[PDB]
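Labels run A, B, C, D, E, F, G and H following the written order; every chain starts at residue 1.
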C-alpha cells in the first residue's frame, strides 16, 4: 500500500513515484526492489568498465580488442564465454538473507554484510540509499553512453576519452 | 475580482495591498534577503550585504574610469572601489551614532548601537573582500569555449 | 463602525503610531457618499461611524462637510500612542461659535492694537511688545 | 594561564601540563584559540602534502604551470583557479556554520559535522583519544610546513629531506 | 479528493479528459505535481512558440542580426556564456518558487499569490485560468510540431496559413 | 607640570573627544607608540634597501601615460619609482589598520574606548595602572608595561633622529646608517 | 483619565515668541524619533507591532485605537467642570423641590441624555425639571 | 622636499578635511545635549 517509508522515495510529498502503478502490494514491491538493485549494481560496474575500456586501458592479452558494443560484436565469443561462467557461478552463490530487505545476501557462504562499514541503523539506511541512488544514476548513464556512441561515436558527448591521474599507480 | 485591497484590512492606513506590494514573489524575496532574514546575526547580515555590493561596484570604475585604457586600469578600479566603500562606511558609522546614541541594552536588534557597529564592520570586510574577488575574476575572463 | 472605503495611499503614516493620532465620530440617518479629506469617496453607515485621521484640521474639514448633510453630533478625539485619549471638539458640548456661559477669556489685551509698547522700550527683556 | 585550559584536550605525554609560557591565554579567548588552532592546523596538514606531491608523484596533464617549486607555481597558476579555490573554501566555511547551528560539531563534539568515513567512536573514552591524535598531528604539521618554507627561502634553516626540498 | 474539487482545466470540447486514466489512484500531492508540471510545461511552450515565430519572421534585432533566421541553427551559434546565464537565471527563479510552494495555502501553479485576492468561486477567474491552460496545451503540441518540420520536413515557417 | 592637571584641563576644554580616548591619554600613548616602534623597522628597511640597491629601477619616474596626473609632482614631472614603492608598502600596512579600526574583534584592543565593546573594562583598567614617569621593571617580558616603555622610547628616537639630522645637515636615512655603524650603506 | 497626560510633555515654552502649552499641551509626550524597520522576529519602536512575515510594512499595522466605551469616559471626564457649572446655576435659581446637585444631575441627565444636558440653558433645565 | 607638498597637502585639504568637518557638524546638530 503505502511504500513511502521504503528507501528511495522520490521526496516527502510525492512519496513513491509509481506513475504506472506497477507496485500494488508489498510482495510486488519486494520483487521490483530486488530487480532495481540488481540492475543498479550491474550497471554501476558496467559504466566503470565501459569508460575504462573506451579510454584505452586493456588487460594483458586484450590489447587488440575493440571497445564499446563493437567489442561484443567483434571480439571472439570464446573469450566472452568466461564472463558468463564467472557470472553464473556468482548467481548461484549469493544467498538472500531471510526476513531482510531485498538484495541482502548476508547469508552467502563467503563473509558478506555491513561489517565494519556501518554501526547505527541510520548509517545502514544511508549506505543503502546511496547504493540505490548511484545505481539509478548509472542505469541511466550506461544507456546514455551507449546510445550516444551509436549516434555519433562520442560516448561521453563532450569529450573523446578520460585521462586518469594515478600517482602511485604510475 | 479585485486585486487591490486596503492594507492589513485597514481602510484608513496610507498603504494598499497591490500585487506588487503583497505577492508571494515579493514576500518570498524580501523575507530571505539578508536584511530581513531570520536568524542572521548582525555581523553576518552586514557581511552578506557587503559581499553583494562590492562585487558589482568594481565594474563601473574599471571600464569607464580615467585610466580605463591603461594596463593598470583594473588595479586603479579596485582602489577606487575601496575608496567608495570607505565613504559609505563613514556614513554608516555616523548614522549609528546619531540614531542610536552611546549606550545600549536590548542587544541583538539591528536597531541598537552595538548591533549597528557589528553590522557596519561586516559590511566593510565583505565589501572590500568582494571587490578583491572581482579583481581576481576580472584578471582573466573565461570564454567557456570547447 | 468604520465607513465603507476601499483604501488609499493618502492615509496615516508612522507619526500616527509613534507620536499622535486623531479620530472623529458621528451618527447618520442614511447611507450616503461623502468625500474624505485624504482623497476619494466613501459611504457612511446608517448609524454610528468612526474614522481615523492624522491631523485635527483634516477632522474638522470633514465636520464641515458633515454639517452639509445636517449632521451636528460629531466628536473629535486625540489618541496618544500609549492609548490615552483627549476629547477636543466640541469641547464644552457647545460649539465655539455660540457663547456658552462658563467660559473665561484668554489672551485678551484691553486696548486698541495701536497702544502696544515700543520695541526699544522692552529691549534686553526677552518679552515681545505684544506680550508686554 | 587561563584555568579552563586545565579542563581541555591538548596536554599529553610530551606536554603533561598546560603549555602557555607567555600566558597568551590571558589575551586570546580560550575557545577562539582552539577553533583557530584546529583550523590553521587542518589547513596546514593538507599543505604539507601539497608542497611535494606534485613534484614526487607528477602533475596533471596541462601546461598552465611549468614549475614545480611550491612558491613559484602560485603566480603561474591561472587566476581562475584561485578564484574557484576561494569559493570552495567559502563553501566549506558555510557548511561549518550551518551544521554547527544544527547542533553538530566540528570540534570534537558528540555529533560529527563531517564524518563521511563514519569512523567517529561512540564511547567518550575513544572519542577523547581520537581527538588528541588529530591535535597532535595538526600541531606537527604546522611546524612542518613552516620548516619547509624556511629551508626554501633561508637554506639550511631546517633539516628537510632532499625530495621534499 | 483532487477529482472531486478540481474545477480549472475541465472545458467544453471534451470535459474531463483522462482516456488512459492516469489519475485514478493518484493522491492529492501527486495530482498537484501533475498540474504544476502541466502549467509550467505549457507556459514555457507558449514562450518558446513566440520566440521561434519572431526569429523565423526575421525580427531578431540582436548581435547586429548576425544569427540565422532558423531558430535551431541560431541556438548553436549563441555563445555558451549566453546559455549559462539563461539556465542559472531560471534556476534562481525556481528556488524562489520552491519557497512560495512551501508557504501554507499554495495553489499549484500560482506564483503571484493571486489566492490572496481571488478564489475559484469567481467564474471570471476560473475562466481566464482555463484560457491559459487551453492555450498552453495547444502550444505544447505546436512547439513539438514545429521542431519536426524544421528538423525533418526542412522548413521553419508557416506552411498552413502562408498561402493567404 | 603635574601632568594630571594639564590632562584634566584638556578634557574640560575638549570633552567630546576626550570621551573616546582622543588627546593626551594613555590610549593614544599606547597606539602612537606601537606605530612608532613598527615604523623604526620600516625606516631601517628602507635604509638597507637604499644602501644595498634592492629597490627595482629607482631614480626613474612613472609614466604620465600609464599612470595619470595623480602621479605628477609639478607639471608633467612625475614621482620616482622609489617613493612610489615606499608608499605602497605603507599602504599595505594602513589597509590592515583600517580594517582593525572599522571591524574590531571581540577580544581586541580597539583604537577608541567604546562602552559597547566587550573589551572596554579591561582597557579602562589597563590604562588606569599604566601611568608613570619611570619604566616599571619587574614587569619585564610581554606586559602592557613593557609595551608602553618601549613605545615611548621609539617615539623619542624619532624626535632625536630628526633633530640630529638637521643639526648635522643630513638626511634621516644617513643618520640611521651612522647610528648603526654604516652597515646599511 | 489623566487629563494632564498631554500637558506633561518635554516641551518647554520659550521667553517670547511662543503661545505655550495652550489647553491640551503643545506636543505629544512620546518622541517621534524612533528607529526604522527590523528583521523578522524583532521589534524596534518599543511597543511596536510585530510585522510577522512582512516586517517591511510593520508601521502600517495599527496598534493605537479608540474604544467606543472608553470614548464615553473621556467625554465625561473632560467635560466634568462644565457640567458642574451648569448644574450649579440650575441649583442657584431656586429649583423646584431640589435635592442634591448630584441627584439633580442624574435626574436631569437621565432624561435629555448627557450631551443634550451640556447644551441646555438653565431656563430650559428648570422647565425640564419642573416635575 | 617642499616641492612635494602640493601633492601631499591638496589631497588632504580638499578631501579628508572637508569630510571630517561635515561629519562633526552632523554629529553636533543631531545630538541632544
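To be clear about the criterion, contacts are C-beta pairs under 8 Å (C-beta built on N, C-alpha and C of every residue); 3 or more make two chains touch, one makes a residue touch a chain.
K.L.:
Indicate the lowest number of steps between chain F and chain H, counting one step per move to a touching chain.
P.N.:
Shortest path length, in steps: 1.
K.L.:
Work out which chains are contact partners of both chain B and chain H.
P.N.:
F
K.L.:
Find the chain most remote from chain C, comparing centres computed as mean CA coordinates.
P.N.:
It is A.
K.L.:
Please indicate the chain closest to the centre of the assembly, with centres calculated from CA atoms only.
P.N.:
Of the chains present, the most centrally placed is B.
K.L.:
Centroid of chain A to centroid of chain B, CA atoms only: how many Å?
P.N.:
49
K.L.:
What's the distance between the Cα centroids of chain C and chain E, rounded to whole Å?
P.N.:
Whole-Å distance between the two chain centres: 58.
K.L.:
Indicate the whole-number Å distance between the mean C-alpha point of chain E and the mean C-alpha point of chain F.
P.N.:
Once rounded, the distance between the two centres reads 67 Å.
K.L.:
Could you state the distance in Å from the CA-based centre of chain B to that of chain E?
P.N.:
The separation of the two C-alpha centroids amounts to 35 Å.
K.L.:
In chain A, which residues are in touch with two or more of the other chains?
P.N.:
none
K.L.:
Which residue numbers or ranges of chain E touch two or more of the other chains?
P.N.:
Residues of chain E touching two or more partner chains: there are none.
K.L.:
Where in chain C do residues touch two or more other chains at once?
P.N.:
13, 52
K.L.:
Going by the touch definition at the top, which pairs of chains touch each other?
P.N.:
Touching chain pairs, listed by label, come out as A-D, A-E, B-C, B-D, B-E, B-F, B-G, B-H, C-G, D-F, F-H.
K.L.:
List the residues on chain D that touch chain B in their complex, please.
P.N.:
78-80, 82-83, 86, 101
K.L.:
Which residues of chain B touch chain D once you look at their complex with the stated criterion?
P.N.:
Residue positions touching the partner: 39, 133, 136-137, 139-140, 142.
K.L.:
Residue numbers of chain E touching chain A in their complex, please.
P.N.:
It comes out as residues 22, 25, 27, 29-30, 32-33.
K.L.:
Using the touch definition up top, name the residues of chain G that touch chain C in the complex.
P.N.:
Where chain G meets chain C, its residues are 1-2, 5-6, 15-17, 24, 28-32, 34, 45, 47-49, 59, 62-66, 68, 70-71, 74-75, 77-79, 82, 85-86, 89, 115, 118-119.
K.L.:
What residues of chain D sit close enough to touch chain A in their complex?
P.N.:
Of all residues in chain D, those touching chain A are 53, 57-58, 60-61, 118, 122.
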